[PDB]
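Some notes on the structure that comes next.
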Amino acid sequence: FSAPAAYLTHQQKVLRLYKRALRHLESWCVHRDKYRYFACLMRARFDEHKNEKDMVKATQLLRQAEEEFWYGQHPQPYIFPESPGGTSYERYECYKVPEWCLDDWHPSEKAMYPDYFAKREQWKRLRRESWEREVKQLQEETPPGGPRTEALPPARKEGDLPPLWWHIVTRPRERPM
Amino acid sequence: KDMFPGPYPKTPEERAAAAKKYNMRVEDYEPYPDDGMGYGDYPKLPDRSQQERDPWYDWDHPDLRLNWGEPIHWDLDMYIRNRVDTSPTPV
Amino acid sequence: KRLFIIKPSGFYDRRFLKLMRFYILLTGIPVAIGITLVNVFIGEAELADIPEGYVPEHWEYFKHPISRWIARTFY
Amino acid sequence: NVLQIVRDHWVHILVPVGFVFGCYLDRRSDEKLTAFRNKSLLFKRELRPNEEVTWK
Amino acid sequence: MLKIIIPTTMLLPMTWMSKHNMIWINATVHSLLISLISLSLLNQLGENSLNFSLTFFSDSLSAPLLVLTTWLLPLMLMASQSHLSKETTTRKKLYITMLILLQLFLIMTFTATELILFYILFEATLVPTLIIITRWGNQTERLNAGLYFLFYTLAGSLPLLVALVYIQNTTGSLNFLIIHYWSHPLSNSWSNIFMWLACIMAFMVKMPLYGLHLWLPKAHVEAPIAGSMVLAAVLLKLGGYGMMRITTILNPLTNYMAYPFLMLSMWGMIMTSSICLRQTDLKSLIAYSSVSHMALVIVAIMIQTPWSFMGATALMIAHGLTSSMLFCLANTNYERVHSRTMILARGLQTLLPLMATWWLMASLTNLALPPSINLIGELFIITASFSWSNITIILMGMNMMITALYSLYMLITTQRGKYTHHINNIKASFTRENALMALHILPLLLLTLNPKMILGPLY
Amino acid sequence: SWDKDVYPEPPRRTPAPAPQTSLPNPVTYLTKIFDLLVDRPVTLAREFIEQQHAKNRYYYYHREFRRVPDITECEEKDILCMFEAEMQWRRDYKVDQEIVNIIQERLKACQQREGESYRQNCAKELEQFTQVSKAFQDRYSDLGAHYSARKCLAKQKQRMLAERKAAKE
Amino acid sequence: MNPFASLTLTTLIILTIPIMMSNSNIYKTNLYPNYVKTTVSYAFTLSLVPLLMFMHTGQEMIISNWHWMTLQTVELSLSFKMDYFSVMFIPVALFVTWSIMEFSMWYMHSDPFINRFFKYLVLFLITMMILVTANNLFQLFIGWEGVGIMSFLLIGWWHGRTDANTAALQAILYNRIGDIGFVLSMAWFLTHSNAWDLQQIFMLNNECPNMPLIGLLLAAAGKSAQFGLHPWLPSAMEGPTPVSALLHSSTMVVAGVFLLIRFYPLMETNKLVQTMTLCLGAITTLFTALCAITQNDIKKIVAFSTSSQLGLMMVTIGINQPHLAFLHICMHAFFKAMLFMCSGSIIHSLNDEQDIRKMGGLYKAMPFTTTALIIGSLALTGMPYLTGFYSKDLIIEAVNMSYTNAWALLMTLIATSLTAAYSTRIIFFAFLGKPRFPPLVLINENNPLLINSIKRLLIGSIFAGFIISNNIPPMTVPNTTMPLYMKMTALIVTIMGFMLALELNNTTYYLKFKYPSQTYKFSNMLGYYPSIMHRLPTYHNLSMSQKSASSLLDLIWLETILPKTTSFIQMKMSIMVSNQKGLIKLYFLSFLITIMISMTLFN
Amino acid sequence: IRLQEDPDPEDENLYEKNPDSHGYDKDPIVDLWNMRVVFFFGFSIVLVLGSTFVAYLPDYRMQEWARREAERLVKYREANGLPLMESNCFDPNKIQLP
Amino acid sequence: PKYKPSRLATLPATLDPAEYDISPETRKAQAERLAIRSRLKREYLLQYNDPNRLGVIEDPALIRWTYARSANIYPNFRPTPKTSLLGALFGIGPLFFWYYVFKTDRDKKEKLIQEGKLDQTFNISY
């Protein structure tokens with residue numbers, strides 16, 4: 001994912017409502033041609049108040065649209081199969097094994113895949129070597145009262161890796177199988 | 001030892017210390033009402049299920065949708081995703 | 001593309017299962033063979049009436065030969 | 001040497017000797033309780049030829 | 001009976017004089033041998049009890065419990081090997097001796113012919129248990145838990161001592177055989193009522209009864225794994241055994257005095273299982289499940305119908321095995337994660353598959369999956385209670401539902417879901433742990449084949 | 001082998017097969033195949049094992065207990081006589097339970113055998129089981145978990161007193 | 001008769017061989033699923049032999065091979081009641097399981113634990129066989145709980161998916177609610193008729209009081225997902241499609257109806273129970289079909305159809321027509337499993353797309369599964385001279401021509417139209433129309449396993465109804481003379497449903513977006529039952545458990561009442577006794593007071 | 001507040017010193033022997049031999065004897081027309097009812 | 001129409017009026033909440049991504065939760081009239097209710113037994 005923000009701007013909130021409204025309308029309009037027709041009509045409604053400048057007026061309109069969205073909410077909206085709430089959501093989660101278990105393999109098991117584990121050792125060394133700089137770099141770029149946002153800085157200088165990278169880089173594949 | 005739940009905060013100073021202990025803002029922190037039920041100074045977090053929490057946000061504990069160090073609801077076990085859900089309903 | 005599949009170490013549980021089966025069968029197989037052999041050849045007993053002026057032993061009131069041996073020797 | 005073996009594994013006979021001695025002690029108590037050898041009104045029978053006791 | 005008692009005593013000098021590298025090995029060997037010897041006692045007669053001597057006897061009630069204790073000792077040693085591996089040789093030998101003393105005391109309790117001898121030994125069991133809990137406990141609540149357990153048991157027992165001496169003075173003998181053959185009905189006088197209370201309350205405390213069960217959670221949670229094993233496998237059954245023995249001379253006053261305890265237990269099973277539903281500690285959940293399962297036995301004993309007693313014996317044996325197994329599994333997880341919070345470790349099924357299978361089978365036995373001896377006992381008790389009153393089925397079925405719910409909840413929370421990311425010390429299951437789980441499960445499933453052995457003397 | 005008197009099995013009445021269709025009954029061919037490939041080798045193995053048993057022919061006897069004075073003819077504190085009588089009573093209790101079991105087996109076999117006519121063709125079995133049930137219940141019921149010969153004696157005495165009162169009225 | 005017993009036992013014993021071999025290398029190898037499938041196929045072929053013997057003569061037997069334990073006057077022995085119901089159902093179940101196993105071999109090919117999956121399928125098959133071939137209530141209960149637990153395991157196949165775990169727990173919960181009634185029935189029969197065997201129970205019970213039959217009804221509703229205990233079946237779609245196709249479409253779900261059918265001689269005696277079953281089944285049919293009308297997940301629609309069918313069987317029980325209900329069980333097992341397999345094929349081809357809204361233009365893309373779905377849906381709607389025609393139509397006829405609660409009959413007939421409606425839904429919105437699935441078309445059903453399994457079920461769905469009906473001996477007196485409109489009512493209602501559903505589907509094409517109606521919200525929210533009845537009770541129970549029991553009583557009052565109070569009293573007394581003053585004057589004055597008091601009191 | 005050793009690190013995994021551990025102790029040979037002892041005596045002996053011993057345990061519950069005696073009694077009762085089971089567990093002749 | 005929230009059906013943020021407040025104090029409060037969250041997240045990540053660390057990362061919040069749920073219950077308990085009333089009515093109330101029900105049923109059955117009305121034709125197992 002991406003680093004979260006403290007709040008959502010009024011523009012961001014309207015965009016979020018726009019995507020939800022279209023998706024619910026698509027759920028209502030099973031046939032594609034039917035959806036495309038009403039999609040533009042709904043888009044026009046957003047365009048009608050695109051010029052709207054008064055924030056109080058715009059906020060008032062936003063409240064009304066969300067109330068309208070709830071009343072017109074599809075009781076059983078379409079959710080992507082691997083999306084949260086989908087039929088296949090978290091289906092392969094059990095097959096995802098953390099990489100640190102490989103270090104617990106018996107020497108016989110590690111002998112079955114010598115080349116892979118040899119390359120794995122290289123990755124282990126890389127993590128340890130860069131770790132000290134990672135923490136040090138974070139301190140340098142950390143504001144006085146600690147971090148106020150969860151966003152992390154990149155590798156400023158060559159030879160360094162982005163701080164706190166091991167888990168993101170070595171995370172389990174979508175389909176371990 | 002001081003990082004353990006204590007008695008109901010009486011002075012505002014006690015309330016601030018409790019808020020700091022639970023890693024909550026002093027404004028947000030709210031102890032359970034002093035009804036003698038043994039709740040103590042534990043925060044009265046909103047009674048919303050873990051399912052309501054943003055599924056796209058990266059949680060430290062994904063299955064529980066929780067972060068490390070975040071104050072834990074008193075009835076979390078009841079409000080787990082596998083149990084009672086308080087999410088909004090269309091009707 | 002053959003990709004390495006991260007798995008928990010399976011050698012230890014498999015070893016436990018192997019050892020358990022080995023130790024169980026170490027005596028089960030002889031015991032099962034003995035049971036089959038005794039039942040096939042020695043067989044059970046017939047409910048004959050007590051002969052006159054005879055006091056059957058405590059093991060002579062049981063039918064299955066293994067049960068008779070157990071009663072006679074351990075009881 | 002076998003001596004070294006028994007020197008380190010002598011404690012492995014205590015409990016077996018315990019069982020043997022217990023069998024003896026149990027037998028002793030039974031001998032003390034032989035007061036109704038063939039006096040029960042259910043198992044009263046004449047000793048068979050060349051039988052010292054019924055051991056009951 | 002000395003064929004079992006004497007080797008158990010001979011275990012102590014062996015353990016004290018065994019080499020530091022051979023303590024556990026010798027103890028386990030000879031404990032298993034002693035269990036094999038104790039297996040002979042299962043050949044109970046149809047009517048008469050096996051009266052070995054004037055002091056020791058056994059029946060179809062005592063023999064299963066004796067076999068259970070003699071079998072439980074080796075598994076306790078195996079479980080104790082792990083945490084007691086950095087202990088000095090003297091203290092390790094001390095722990096082994098405490099376990100051996102507990103086993104010897106329990107054997108003598110289950111075989112004692114004289115009621116006062118049974119009281120002496122059954123209250124002697126407190127000393128080793130207290131020492132084990134207070135000395136080798138891991139938390140700081142161990143001292144308070146030991147105090148609670150000891151004081152609850154003593155407050156129950158002392159009136160029992162007074163009552164037993166009174167019976168000896170009046171009847172003339174406390175031998176179970178004489179007490180049963182010369183039984184005389186009790187009147188409804190207040191003196192008889194208080195005698196009945198004195199004779200029942202101690203065993204009610206021993207097997208956790210709702211209201212007097214507060215000691216059990218503390219004891220089981222704080223005690224070391226072996227101590228919890230005995231506490232939940234034999235020490236609780238001590239109450240049931242004593243109550244079944246003592247009810248012989250407590251009739252017909254039992255009919256009038258059972259209602260309070262009967263209602264307490266019938267509501268307590270539901271209450272404790274509901275408490276299990278909302279527990280945050282694994283060991284506490286196991287303990288409360290034990291409370292409910294023992295309340296079932298309390299009901300069975302109070303009703304005094306033959307089917308109830310058969311089901312009570314079967315349930316006692318089954319629960320002993322299951323609770324010991326559950327505590328062992330929780331101990332393995334705790335040793336790996338160094339915490340007893342249930343929600344701390346999640347998705348262990350992926351990391352440890354075989355231990356997850358053990359968890360599944362143990363939970364299935366806990367919810368009384370047919371035809372496990374657990375279900376046999378539970379169903380017999382349910383039928384007996386239904387004969388007592390048809391309304392009982394409501395509470396009994398609800399309790400069954402809640403038991404299934406919380407057992408599967410435990411399995412799902414621990415052995416299912418997304419694995420905890422930060423926990424990286426979960427190593428592969430040791431052979432010893434798997435062997436412990438197997439030696440807990442296999443005997444039970446085999447016992448299902450021939451339930452007659454563990455169906456009590458009323459079979 | 002068993003006593004047909006104890007376990008009455010009405011003489012079998014199998015109807016004669018009278019095929020009216022040219023099509024060959026598959027059941028007949030299947031039964032012939034099953035006999036040849038299964039019954040024959042099974043019978044041969046049985047014969048071999050029976051020969052082995054015939055070689056090692058030994059007998060086991062049935063222990064019989066003499067009658068012992070009942071608890072009625074027993075002194076108040078005579079524990080020896082009381083023990084004898086109680087053991088006799090428990091033996092008789094077991095025998096009565098087994099008698100009930102035998103009659104129940106008869107009833108179940110009748111229910112299955114008579115098929116849809118079970119209601120009309122098992123009246124005798126139902127009556128027998130009812131009689132045995134009544135007798136067993138009157139003799140042994142409500143005694144309690146700690147049942148004893150003295151308890152049956154007390155129940156019988158109470159029953160006899162009630163019978164006397166009823167007859168006097 | 002001798003081969004009858006031998007073969008009947010051997011089928012079940014052969015079914016156990018794969019489980020035993022799960023300890024060998026075959027389990028580790030990739031041949032284990034094929035070995036399982038071949039074992040099931042051979043067992044089905046063996047099961048055909050007793051079926052042929054029974055068809056020729058009517059041979060029915062009970063085999064009490066092993067004696068478990070004799071509890072005083074109650075003897076428990078493993079007894080297999082091989083009668084019409086069991087001897088006929090075993091082949092049907094085995095054939096369906098064979099087809100399902102082939103489909104699983106295709107569908108679950110990539111699954112890492114496919115061998116475990118097949119072993120679990122065999123385990124459930126064994127439990128269901130024990131349930132079917134049970135002469136003791138204890139043996140039937142073993143099958144009951146074994147089926148429930150195997151369902152628990154298979155539904156929660158994907159442990160990572162929290163929804164799967166919740167669904168499995170919910171299934172166990174509802175099934176246990178039924179098991180309460182099952183245990184009540186067992187206890188009642190033991191206490192009153194001193195027996196757990198069907199024989200003596202039937203013999204002694206000739207009036208069969210309400211209580212045992214009511215408990216049996218509760219258990220049947222639990223296993224057959226009747227109203228009140230219905231939500232578990234729809235939620236059971238979380239498991240893999242083969243699991244839903246085999247257990248929760250054809251074997252597990254029919255267990256309750258089989259329980260009621262097995263006790264038909266007792267059920268006929270009582271009258272209130274018949275009416276209760278009738279009304280309950282009517283409610284289930286109406287509600288489940290109404291919900292199915294507005295379901296966007298294909299598996300959900302099929303599951304609700306299964307629930308409706310089970311309710312129709314329960315209504316048939318209410319008409320005191322057990323054999324007809326069993327025949328319907330068989331036919332439903334034949335066609336509904338095929339429908340589920342076709343749905344699974346659609347899902348696999350469309351890359352886990354279970355929402356019908358994103359499925360379209362599948363009529364020509366998948367001709368074979370299209371034909372199979374068409375035939376199966378037609379049979380489900382009782383197309384004449386199909387498996388549906390030989391059971392459902394007779395059921396409707398019997399309901400109309402009987403002294404029946406009027407509203408129950410009405411609900412059955414309305415439900416019949418809704419049946420055609422949801423069929424039209426799963427045809428129009430999935431196979432017909434223009435494609436709505438994502439691009440990168442990977443549609444491919446050219447798999448021998450899938451084709452062969454669906455082909456076997458197709459041949460069954462087309463001819464098995466005729467074969468079975470024309471072979472089984474007559475057991476129900478027919479309603480020969482009947483008003484013509486009543487005779488054709490089933491077909492008329494089906495045609496009405498088809499026409500109205502197709503009309504509404506055509507209006508869906510019209511470019512007219514309209515806001516949801518309250519009735520549509522009610523139907524689509526499953527009548528709101530899984531919302532309020534899954535939040536309020538659970539919340540109250542858990543909150544009460546944590547507060548009133550755990551804290552308020554256990555950790556607060558119970559401790560305050562005995563230990564805390566006693567200890568506090570002891571502490572205060574200790575403080576009083578150990579005044580820590582230590583002055584000779586005071587305790588010597590106390591000595592003087594003691595002397596005076598003793599001299600006065602004891603004189 | 002006190003000069004005490006720092007908390008002992010997480011218990012050393014016995015696999016670290018020897019990959020083949022079986023648990024039990026640390027010395028590999030004694031681990032092997034402990035596992036052999038537990039498995040041999042625990043599984044091969046008690047679990048197998050004792051199970052066989054209790055399986056063929058001689059019937060002293062008098063079950064078969066009870067059934068055989070019941071068969072004899074039923075034969076006699078039916079042959080003589082006597083009721084299969086009487087209505088009194090003891091003879092009324094010897095009961096001196098008050 | 002409008003949506004009425006309940007305890008088991010909370011009000012969504014989209015319909016929540018508070019979500020639309022753009023006042024400066026609310027923005028500062030949101031910033032402070034994010035700051036606390038970021039600090040805790042940073043600490044957890046630092047421990048979590050440390051190669052040397054081999055063990056469970058202790059979570060103080062979890063310890064506090066477990067302690068408060070069990071350990072701190074009694075210490076904060078006060079014998080208020082509400083607590084006493086509720087404790088009595090849920091401790092002895094159900095016991096007395098079940099006692100009454102069971103006693104009445106048992107007495108009814110015993111009465112039927114005494115008059116012989118109760119049917120026990122085959123009730124030979126109890």
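Chain labels A, B, ... are given in the sequence in which chains occur in the structure tokens; within each chain residues are numbered consecutively from 1, and ligands are likewise numbered from 1 in the order shown.
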*Taking only C-alpha atoms into account, report as a ChimeraX atom specification which residues of chain F lie within 10 Å of chain G.*
/F:17,25-28,30-32,34-35,38-39,93-94,96-102,104-113,115-116,118-119,122-123,125-126,129-130,133,136
Could you produce a table of the residues of chain H lying within 9 Å of chain A, with the nearest pair of atoms per residue and their separation in Å rounded to one decimal, using only C-alpha atoms, ordered by chain and increasing residue number, as JSON lines?
{"residue": "H:15", "atom": "CA", "partner": "A:104", "partner_atom": "CA", "distance": 8.5}
{"residue": "H:19", "atom": "CA", "partner": "A:106", "partner_atom": "CA", "distance": 6.4}
{"residue": "H:20", "atom": "CA", "partner": "A:106", "partner_atom": "CA", "distance": 8.1}
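The space between CA of residue 87 in chain A and CA of residue 252 in chain G spans 22.6 Å.
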*For residue 9 in chain I, work out the shell of residues within 6 Å, counting only C-alpha atoms and skipping chain neighbours fewer than 4 positions away, then give it as a VMD selection string.*
(chain B and resid 86 to 88) or (chain I and resid 5)
_If the cut-off is 7 Å, can you tell me the residues of chain I near chain A, counting only C-alpha atoms? I'd like them as a VMD selection string._
chain I and resid 14 to 15 30 to 31 34 to 35 38 to 39 45 49 51
Residues from last step as file, C-alpha atoms, as a compact mmCIF listing (two decimals), in the first residue's frame:
# COMPACT_ATOMS: atom_id res chain seq x y z
CA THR I 14 -19.92 9.00 5.06
CA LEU I 15 -23.12 9.78 6.97
CA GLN I 30 -6.04 14.49 13.62
CA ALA I 31 -2.38 15.45 13.21
CA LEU I 34 -1.39 10.46 13.35
CA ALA I 35 1.76 11.49 15.23
CA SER I 38 3.46 7.05 13.51
CA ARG I 39 5.64 6.94 16.63
CA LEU I 45 8.99 -1.48 12.67
CA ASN I 49 13.02 -5.18 10.97
CA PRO I 51 18.02 -8.67 12.05
